[PDB]
Every structure is written in C-alpha cells, then in structure tokens.
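work-v2.txt, holding compact mmCIF, C-alpha atoms:
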```
# COMPACT_ATOMS: atom_id res chain seq x y z
CA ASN A 277 172.23 65.33 118.38
CA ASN A 278 169.63 62.80 119.44
CA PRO A 279 166.00 63.94 119.37
CA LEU A 280 164.23 65.04 122.53
CA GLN A 281 160.47 64.83 122.92
CA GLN A 282 159.73 64.40 126.59
CA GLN A 283 161.19 62.62 129.58
CA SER A 284 159.71 61.83 132.96
CA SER A 285 160.57 59.45 135.77
CA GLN A 286 158.16 56.62 136.50
CA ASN A 287 157.67 55.41 140.03
CA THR A 288 154.92 54.53 142.47
CA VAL A 289 153.82 57.65 144.31
CA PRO A 290 151.64 56.69 147.29
CA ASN A 291 149.63 59.05 149.50
CA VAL A 292 148.32 61.00 146.51
CA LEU A 293 144.67 60.70 147.49
CA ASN A 294 145.20 63.13 150.36
CA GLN A 295 146.94 65.44 147.90
CA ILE A 296 143.82 65.54 145.73
CA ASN A 297 142.66 68.46 147.87
CA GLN A 298 145.84 70.31 146.89
CA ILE A 299 146.03 69.26 143.25
CA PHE A 300 142.38 70.17 142.67
CA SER A 301 140.00 72.49 144.45
CA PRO A 302 136.85 70.85 145.90
CA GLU A 303 134.64 72.79 143.50
CA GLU A 304 136.71 71.35 140.67
CA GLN A 305 136.53 67.90 142.26
CA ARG A 306 132.73 68.09 142.32
CA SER A 307 132.72 68.94 138.61
CA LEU A 308 135.17 66.11 137.93
CA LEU A 309 132.93 63.72 139.86
CA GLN A 310 129.95 64.67 137.68
CA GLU A 311 132.06 64.26 134.54
CA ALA A 312 133.29 60.90 135.83
CA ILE A 313 129.68 59.70 136.19
CA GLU A 314 128.99 60.67 132.57
CA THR A 315 132.26 58.96 131.61
CA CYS A 316 131.07 55.81 133.40
CA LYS A 317 127.99 55.77 131.17
CA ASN A 318 130.32 56.12 128.19
CA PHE A 319 132.31 53.14 129.46
CA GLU A 320 129.06 51.26 130.10
CA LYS A 321 127.99 51.64 126.49
CA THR A 322 131.27 50.20 125.18
CA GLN A 323 131.69 47.43 127.77
CA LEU A 324 129.92 46.11 130.85
CA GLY A 325 126.30 46.69 129.90
CA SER A 326 124.34 44.60 132.35
CA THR A 327 123.85 44.31 136.09
CA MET A 328 126.71 46.20 137.71
CA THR A 329 127.45 46.63 141.38
CA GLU A 330 128.08 50.06 142.86
CA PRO A 331 131.71 49.56 144.20
CA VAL A 332 133.10 48.68 140.77
CA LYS A 333 131.67 51.92 139.37
CA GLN A 334 132.98 53.82 142.37
CA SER A 335 136.40 52.25 141.88
CA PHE A 336 136.30 53.18 138.20
CA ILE A 337 135.62 56.81 139.11
CA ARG A 338 138.43 56.80 141.66
CA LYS A 339 140.86 55.29 139.16
CA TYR A 340 139.72 57.70 136.45
CA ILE A 341 140.18 60.71 138.73
CA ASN A 342 143.54 59.42 139.98
CA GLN A 343 144.79 58.87 136.42
CA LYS A 344 143.68 62.36 135.44
CA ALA A 345 145.41 63.72 138.54
CA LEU A 346 148.62 61.95 137.55
CA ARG A 347 148.47 63.50 134.09
CA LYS A 348 147.94 66.94 135.62
CA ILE A 349 150.85 66.37 138.00
CA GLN A 350 153.05 65.25 135.09
CA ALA A 351 151.95 68.33 133.15
CA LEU A 352 153.13 70.47 136.06
CA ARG A 353 156.29 68.37 136.16
CA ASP A 354 157.15 69.76 132.73
CA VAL A 355 158.49 72.87 134.46
CA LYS A 356 161.96 72.39 135.91
CA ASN A 357 162.56 73.03 139.61
CA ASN A 358 158.85 72.55 140.24
CA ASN A 359 157.61 70.23 142.95
CA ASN A 360 154.78 70.09 145.45
CA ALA A 361 155.61 71.63 148.79
CA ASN A 362 153.70 72.48 151.94
CA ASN A 363 154.87 76.09 151.61
CA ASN A 364 154.05 76.57 155.27
CA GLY A 365 156.54 77.40 157.97
CA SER A 366 157.89 80.21 160.07
CA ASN A 367 161.38 81.50 160.71
CA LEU A 368 162.05 81.99 164.39
```
As structure tokens, the full file:
Amino acid sequence: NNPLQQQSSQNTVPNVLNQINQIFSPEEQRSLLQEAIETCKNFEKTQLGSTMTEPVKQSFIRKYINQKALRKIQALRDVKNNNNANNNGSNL
C-alpha cells in the first residue's frame, strides 16, 4: 500500500500555441494578457529593474501564459479518459 498523491507524464508537447484558442477563450486571453503585464511589473520589482527591451518582456508574457496553460491542461488531465479532441466530423 504505497501512497498516491498525483501522477502525470512529462513530455514535450509542441503546437500548443495554436491550441491556446481552444484552451482559453479570446476574452479570457485578453484578461490574461492584462494580468501578465501586471505580473511583469511584479517581476521587474524583484529582478531586472533597469533599461529593458520590449521582446524580452513579450517573451516573458508568452512563457508565463504558456506555463499557466500547461498547468490548466494538467488540471484537466486529472480526469481519466479526458483528452483534447477536434470533436468535429460527420458520419456518411
């Protein structure tokens, strides 16, 4: 009787950026973007408090959103027999 807390497979899952429109609604994405900007200021206060270029901040937001998306996907992975699917087809 070994203890069980959680278990999830780890692997590189590419082509997840295009799935951001399926994982999150655009209205939600806009809110997340605004939150990410505020988060960037939070990051700025702790580290990197000087002249910063725009792409590094943009990359930080993209990484932040992607990490959050992965957590959400993992949260939905907690249900068994649950996976993303197109759910579009026709029987003919």
Checklist entry - Quick one: residues within 10 Å of segment 298-300 of chain A, all atoms listed in the file counted, chain neighbours fewer than 2 positions away excluded, as an MDAnalysis selection string? => result chainID A and resid 292:296 302:306 308 345:346 348:349 360 362
Taking C-alpha atoms for each residue, export the selection above as an mmCIF file, in the frame of the given file.
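The new file again34.cif reads:
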```cif
data_model
loop_
_atom_site.group_PDB
_atom_site.id
_atom_site.type_symbol
_atom_site.label_atom_id
_atom_site.label_comp_id
_atom_site.auth_asym_id
_atom_site.auth_seq_id
_atom_site.Cartn_x
_atom_site.Cartn_y
_atom_site.Cartn_z
ATOM 1 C CA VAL A 292 148.320 61.000 146.510
ATOM 2 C CA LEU A 293 144.670 60.700 147.490
ATOM 3 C CA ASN A 294 145.200 63.130 150.360
ATOM 4 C CA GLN A 295 146.940 65.440 147.900
ATOM 5 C CA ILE A 296 143.820 65.540 145.730
ATOM 6 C CA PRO A 302 136.850 70.850 145.900
ATOM 7 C CA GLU A 303 134.640 72.790 143.500
ATOM 8 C CA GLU A 304 136.710 71.350 140.670
ATOM 9 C CA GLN A 305 136.530 67.900 142.260
ATOM 10 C CA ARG A 306 132.730 68.090 142.320
ATOM 11 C CA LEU A 308 135.170 66.110 137.930
ATOM 12 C CA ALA A 345 145.410 63.720 138.540
ATOM 13 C CA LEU A 346 148.620 61.950 137.550
ATOM 14 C CA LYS A 348 147.940 66.940 135.620
ATOM 15 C CA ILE A 349 150.850 66.370 138.000
ATOM 16 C CA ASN A 360 154.780 70.090 145.450
ATOM 17 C CA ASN A 362 153.700 72.480 151.940
#
```
Checklist entry - Taking (158.4, 59.8, 131.1) in the file's coordinates, which residues come within 12 Å, counting all atoms listed in the file, written as a PyMOL selection string? => result chain A and resi 280-287+346-347+350-351+353-354
Checklist entry - Near residue 338 of chain A, counting all atoms listed in the file, which residues have an atom at most 10 Å away, once you skip same-chain residues fewer than 5 positions from it, shown as a PyMOL selection string? => result chain A and resi 293+309+312+332-333+343-344
Written selection (C-alpha atoms) as a short mmCIF file (atom, residue, chain, number, x, y, z; two decimals), in the frame of the given file:
```cif
data_model
loop_
_atom_site.label_atom_id
_atom_site.label_comp_id
_atom_site.auth_asym_id
_atom_site.auth_seq_id
_atom_site.Cartn_x
_atom_site.Cartn_y
_atom_site.Cartn_z
CA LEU A 293 144.67 60.70 147.49
CA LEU A 309 132.93 63.72 139.86
CA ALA A 312 133.29 60.90 135.83
CA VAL A 332 133.10 48.68 140.77
CA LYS A 333 131.67 51.92 139.37
CA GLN A 343 144.79 58.87 136.42
CA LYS A 344 143.68 62.36 135.44
#
```
Item to check | Separation of atom CA of residue 291 of chain A from atom CA of residue 361 of chain A, in Å and rounded to one decimal | outcome: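 Interatomic distance here is 13.9 Å.
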Item to check | Interatomic distance, atom CA of residue 352 of chain A to atom CA of residue 364 of chain A (Å, one decimal) | outcome: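 Between atom CA of residue 352 of chain A and atom CA of residue 364 of chain A the gap is 20.2 Å.
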Checklist entry - Could you work out how far atom CA of residue 342 of chain A lies from atom CA of residue 323 of chain A, giving the answer in Å with one decimal? => result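 Taking atom CA of residue 323 of chain A as the start and atom CA of residue 342 of chain A as the end point, the length is 20.8 Å.
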